[PDB]
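S.K.: Take a look at the following structure, please.
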Amino acid sequence: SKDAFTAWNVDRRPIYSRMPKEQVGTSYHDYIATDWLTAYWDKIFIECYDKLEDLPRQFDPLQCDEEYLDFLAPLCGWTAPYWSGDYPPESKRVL
Amino acid sequence: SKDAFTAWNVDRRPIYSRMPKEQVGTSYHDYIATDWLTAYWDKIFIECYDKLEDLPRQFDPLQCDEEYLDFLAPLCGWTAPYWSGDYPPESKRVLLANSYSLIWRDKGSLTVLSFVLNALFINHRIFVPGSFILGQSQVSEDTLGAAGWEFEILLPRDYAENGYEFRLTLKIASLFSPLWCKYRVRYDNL
Amino acid sequence: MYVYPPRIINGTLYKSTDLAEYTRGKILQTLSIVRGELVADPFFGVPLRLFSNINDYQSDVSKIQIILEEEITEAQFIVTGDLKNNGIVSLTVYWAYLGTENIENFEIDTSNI
Amino acid sequence: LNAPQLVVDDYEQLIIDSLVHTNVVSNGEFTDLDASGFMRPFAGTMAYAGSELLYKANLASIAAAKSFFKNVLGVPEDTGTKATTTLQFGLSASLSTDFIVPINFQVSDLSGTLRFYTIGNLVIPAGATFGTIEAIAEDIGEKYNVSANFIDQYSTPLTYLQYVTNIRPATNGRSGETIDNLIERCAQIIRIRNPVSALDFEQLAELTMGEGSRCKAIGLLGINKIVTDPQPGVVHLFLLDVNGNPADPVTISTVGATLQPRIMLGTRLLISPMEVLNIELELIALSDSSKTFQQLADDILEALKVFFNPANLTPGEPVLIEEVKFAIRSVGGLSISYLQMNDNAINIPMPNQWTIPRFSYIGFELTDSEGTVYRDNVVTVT
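Residue numbers (the deposited numbering), protein chains in the order written: chain o, 2 to 96; chain l, 2 to 191; chain V, 1 to 113; chain m, 5 to 386.
Here is the structure:
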């Protein structure tokens with residue numbers, strides 16, 4: 002029952018770090034299998050966490066990645082001939 | 002309340018062995034009449050038990066007894082045109098044992114036809130007509146060739162012309178040779 | 001099923017087909033979790049009182065007995081408490097698996113890991 | 005019809021009915037139905053023995069069905085298979101004599117729970133530093149199926165023996181079989197069929213050859229491959245290997261060794277390599293600027309790789325320029341203006357029935373509304 006900050010940012014094990022530890026000797030943290038089995042899920046959760054953290058950046062055309070320029074085009078009002086997919090990525094950012 | 006093993010296999014008296022005996026002096030087992038009256042029913046039950054024990058053997062065409070061959074024939078797909086009561090029981094065993102594994106699986110093949118013919122104790126040779134025969138044809142001038150959809154069943158001279166073996170092999174060829182193929186039963190000239 | 005203690009044996013999780021050792025693993029899991037340890041169920045677990053004088057030292061024994069009775073219905077539990085010399089309170093949980101009628105030995109115990 | 009029931013629904017009813025019969029037979033003179041009566045212990049003992057007999061009869065009928073499955077059908081009933089592995093014993097020296105590992109040598113894993121025993125005597129010859137033998141598990145069940153190198157502990161040392169391991173993972177360990185699995189396994193035997201048409205003849209060959217390969221079956225086509233000279237009872241097979249090339253003699257022989265026991269009487273099976281006709285493409289198309297030039301080139305290349313995949317091509321059929329145009333246009337971001345196949349803008353007929361197309365070269369000439377021209381030449385040969 003620990004806080005989110007520790008589990009996601011310090012431990013970076015949002016699942017394993019929440020497994021009970023109090024009864025030393027016979028507890029989830031006392032057996033390494035518990036650490037091994039949940040490692041992939043913690044890795045996936047942290048990857049998605051970093052993606053979500055960078056998400057607000059991805060809606061800034063100057064700072065976003067080229068994968069989002071075509072996604073942000075209709076948001077800015079570019080659908081008809083005004084927009085082209087052969088445009089230079091930098092020109093897309095500026096427009 | 003005896004365990005079935007003792008009553009059926011050790012005592013072989015499934016009814017009499019279960020009769021009261023604890024109170025000696027006067028018990029069913031203390032009077033010979035109880036033994037006498039239940040003797041026939043114990044014998045009948047033991048006979049039926051032995052028949053049931055032997056029953057799984059009776060579904061194996063090789064080892065089973067001849068009364069079950071006609072019973073097992075429909076289970077292997079043999080009926081009136083293919084099956085026959087006149088077939089020797091050894092041939093019946095061989096045919097039933099290899100119905101699913103060889104005969105119906107590969108019906109129409111040379112191996113299946115020859116196997117069926119050998120099961121009925123018909124010595125034979127399957128010969129595909131051709132311009133080159135390994136026995137006698139000469140290398141310098143004889144030519145290679147084949148017949149296509151033609152073959153022949155050659156039988157030793159021991160069998161009589163249009164006798165039992167000739168007409169039996171005609172029936173077997175009709176039942177197992179491919180319908181579009183032309184075949185003839187002839188005397189082996191070798 | 002996977003018994004409680006996660007051990008990688010022969011390259012895989014220890015999967016058992018005998019329900020007696022699975023029940024024993026359930027007992028170990030229940031006793032190894034303190035109430036509040038789990039985020040999904042913060043009420044599951046034994047209540048722990050460690051630093052206090054030994055006057056009402058049977059109340060927690062009764063509570064643990066009740067919790068074991070409610071959680072694990074496949075076994076019968078009797079919990080006894082004894083007072084040791086320095087500060088040790090010795091709990092003894094007597095459990096029997098109702099599926100079997102005799103004590104069942106497990107071959108994973110003699111195996112050394 | 006319906007399956008008869010072998011067991012009696014209620015045996016107490018049977019005892020009761022035998023006692024009603026004691027009354028019926030004696031014409032209403034035997035009216036004692038309680039356990040203190042003379043007839044009741046006899047009738048009850050008979051009923052109990054009969055219940056045992058009928059239970060055995062049910063078991064016997066089930067076993068008879070299973071015996072029919074095993075002997076006639078050829079399908080054994082799986083009541084549990086002990087897992088087997090391949091142990092390797094590695095010696096610490098090159099002995100001048102033969103090293104004999106006796107039968108039933110016990111090895112185990114680290115936990116000691118799993119125990120395997122060698123099925124035979126291992127005879128490592130003189131001058132040999134290792135030898136392999138098959139071992140079987142101590143008991144049935146899936147728990148004995150372990151990966152390699154987990155079965156290495158042996159409690160009984162032998163001189164000059166350095167290591168014992170299992171190179172193979174232990175497999176084939178099962179605890180039993182449900183009736184449905186046995187029934188489907190029995191029914192699969194009845195469904196076994198030999199190829200009789202062109203299609204299943206091709207499928208049998210392609211299964212042996214492997215995924216990515218093709219076959220074509222032509223009737224009455226002789227060895228000389230002359231269409232106007234039909235040869236009775238002949239099935240020519242033309243094979244394109246797993247890599248898209250015409251089949252090499254090893255492939256021809258391994259397909260023949262598989263299909264020879266499957267032809268019926270009066271049929272001649274001929275196997276020959278297939279033929280390939282190279283398709284060279286030149287393309288002039290107008291982009292709509294919805295994609296980059298490189299993306300368009302890659303997408304068209306992949307679409308044409310799929311279109312000319314051997315599995316998607318029927319040998320002996322003409323390559324329609326309309327179909328190639330449609331395959332390219334299905335990418336979406338372009339509009340075809342000119343397409344030339346082998347220096348022509350017409351369909352390409354095949355010389356014979358056993359030639360499959362294979363495209364080897366494409367010339368991209370793409371243009372946008374801005375007039376920018378992207379030129380490329382891709383050679384797709386392996």
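Every residue gets a Cβ at the ideal spot worked out from N, C-alpha and C, and that includes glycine.
To the nearest angstrom, how far is the alpha carbon of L48(V) from that of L118(m)?
M.R.: Computed Cα separation, rounded: 40 Å.
S.K.: List, in order along the chain, the chain m residues whose C-beta lies closer than 7 Å to that of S85(o)?
M.R.: Simply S293.
S.K.: What did DSSP end up calling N185(m) once you bin it into helix, strand or coil?
M.R.: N185(m): helix per DSSP, three-state reduction.
S.K.: Along the chain, where does the alpha helix (DSSP H) containing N62(m) start, and where does it finish?
M.R.: Run containing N62(m): 43-72, per the alpha helix (DSSP H) assignment.
S.K.: In the DSSP assignment, find the unbroken alpha helix (DSSP H) run with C49(o) in it and report its ends.
M.R.: 40-59 is the extent of the alpha helix (DSSP H) around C49(o).
S.K.: Are three or more beta carbon pairs between the region 142-152 of chain l and the region 294-308 of chain m nearer than 8 Å?
M.R.: The region 142-152 of chain l vs the region 294-308 of chain m: no contact.
S.K.: For the beta strand (DSSP E) that contains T232(m), what are its first and last residues?
M.R.: Unbroken run through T232(m): none, as it is neither H nor E.
S.K.: Please compile the residues from chain V whose C-beta is within a distance smaller than 9 Å of the C-beta of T7(o).
M.R.: The premise fails here: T7(o) is roughly 13 Å from chain V at the closest Cβ pair, so nothing lies under 9 Å.
S.K.: Going by CA-CA distance only, name the one from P199(m), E188(m), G145(m), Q357(m) that's closest to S276(m).
M.R.: Minimum Cα distance to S276(m) is reached at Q357(m).
S.K.: So within the region 145-227 of chain m, which uninterrupted beta strand (DSSP E) runs reach at least 3 residues, ignoring any that extend past its ends?
M.R.: Runs of the beta strand (DSSP E) inside the region 145-227 of chain m: 165-170, 218-225.
S.K.: For the alpha helix (DSSP H) containing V34(V), name the first residue and the last one.
M.R.: Segment: none, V34(V) is in no alpha helix (DSSP H) and carries neither H nor E.
S.K.: Per DSSP, what kind of secondary structure is residue 103(o) in: helix, strand or coil?
M.R.: Residue 103(o) falls outside the range modelled here, since chain o spans only 2 to 96, and no answer is possible.
S.K.: Using a Cβ cut-off of 8 Å (strictly closer), state whether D372(m) contacts chain o.
M.R.: For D372(m), the answer is yes, since a Cβ of chain o falls inside 8 Å of its Cβ.
S.K.: By the 10 Å Cβ neighbour count, where 16 or more other Cβ atoms means buried, how is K84(V) classified, buried or exposed?
M.R.: Per the 10 Å Cβ criterion, exposed.
S.K.: For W84(o) and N351(m), what's the separation of their Cα atoms in angstroms?
M.R.: Each residue's Cα considered, the two are about 39 Å apart.
S.K.: Measure the C-alpha to C-alpha separation of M50(m) and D82(m) and round it to an integer number of angstroms.
M.R.: So the two alpha carbons sit approximately 36 Å from each other.
S.K.: Interface residues of chain o around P47(V) at Cβ under 8 Å?
M.R.: By Cβ distance, chain o contributes nothing, its closest Cβ being about 12 Å from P47(V), past 8 Å.
S.K.: Alpha carbon to alpha carbon, how far is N31(m) from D21(m)?
M.R.: When rounded, the distance between both Cα atoms is 15 Å.
S.K.: Under 6 Å Cβ to Cβ from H240(m), same chain only, skipping five residues before and after it: list those, please.
M.R.: Once the five neighbours on either side are set aside, the close Cβ partners of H240(m) are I222, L225, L274.
S.K.: So, using beta-carbon positions, are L91(m) and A152(m) closer together than 8 Å?
M.R.: Taking 8 Å as the Cβ cut-off, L91(m) and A152(m) do not qualify as a contacting pair.
S.K.: Quick one: using the 10 Å Cβ neighbour count with 16 as the cut-off for buried, is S178(l) buried or exposed?
M.R.: Under this definition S178(l) is a buried residue.
S.K.: Between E153(l) and the rest of its own chain, which residues show a CB-CB distance below 6 Å, the 5 nearest in sequence each way excluded?
M.R.: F128, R185, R187.
S.K.: Please identify the residue among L19(V), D109(V), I33(V) whose C-alpha is closest to the C-alpha of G26(o).
M.R.: Checked all of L19(V), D109(V), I33(V); the closest Cα to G26(o) is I33(V).
S.K.: Quick one: complete alpha helix (DSSP H) runs, 4+ long, within the region 253-294 of chain m?
M.R.: Within the region 253-294 of chain m, the complete alpha helix (DSSP H) runs of at least 4 residues are 253-263.
S.K.: Evaluate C190(m) with the Cβ neighbour count: other Cβ atoms within 10 Å of its Cβ, from every protein chain shown; 16 or more gives buried, anything less gives exposed.
M.R.: Looking at its Cβ environment, which holds 16 or more other Cβ atoms inside 10 Å, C190(m) is buried.
S.K.: Report the CB separation of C49(l) from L10(m) in whole angstroms; it is logged as a contact under 8 Å.
M.R.: With 8 Å as the limit, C49(l) and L10(m) do not qualify as a contact, their Cβ atoms being about 12 Å apart.
S.K.: Taking the alpha helix (DSSP H) that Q65(V) belongs to, which residues open and close that run?
M.R.: Residues 59-71.
S.K.: In angstroms, rounded to a whole number, what distance separates the CA positions of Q299(m) and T386(m)?
M.R.: Rounded to the nearest angstrom, the two C-alpha atoms are 22 Å apart.
S.K.: Closer than 8 Å, Cβ to Cβ, to anything on chain o: give me those residues from the region 21-44 of chain V, in chain order.
M.R.: Per Cβ criterion, the list reads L28, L31, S32, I33, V34, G36, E37, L38, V39, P42.
S.K.: Please list the residues of the region 106-124 of chain m that have a C-beta atom closer than 9 Å to any C-beta atom in chain V, keeping them in chain order.
M.R.: For the region 106-124 of chain m, which is checked against every Cβ of chain V, the residues closer than 9 Å are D113, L114, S115, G116, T117, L118.
S.K.: Do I366(m) and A289(m) have their beta-carbon atoms positioned less than 8 Å apart in this structure?
M.R.: Against a cut-off of 8 Å, the Cβ pair of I366(m) and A289(m) comes out as no contact.
S.K.: Since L70(l) and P62(l) are thought to touch, with beta carbons under 8 Å apart, how far apart are those beta carbons, to the nearest angstrom?
M.R.: Contact flag correct, Cβ pair sits at about 7 Å.
S.K.: Can you give the Cα-Cα distance for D143(l) and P173(m), rounded to whole angstroms?
M.R.: Between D143(l) and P173(m), the C-alpha separation is close to 59 Å.
S.K.: Please list, in chain order, all residues of the same chain as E67(l) whose beta carbon is under 7 Å from its beta carbon, the five residues on each side excluded.
M.R.: Same-chain partners within the cutoff: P90.
S.K.: What residue range is occupied by the uninterrupted beta strand (DSSP E) comprising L126(m)?
M.R.: It spans 126-128 - the beta strand (DSSP E) in which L126(m) sits, taken as one unbroken run.
S.K.: What does the alpha-carbon distance come out to for the pair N348(m) and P322(m)?
M.R.: Computed Cα separation, rounded: 14 Å.
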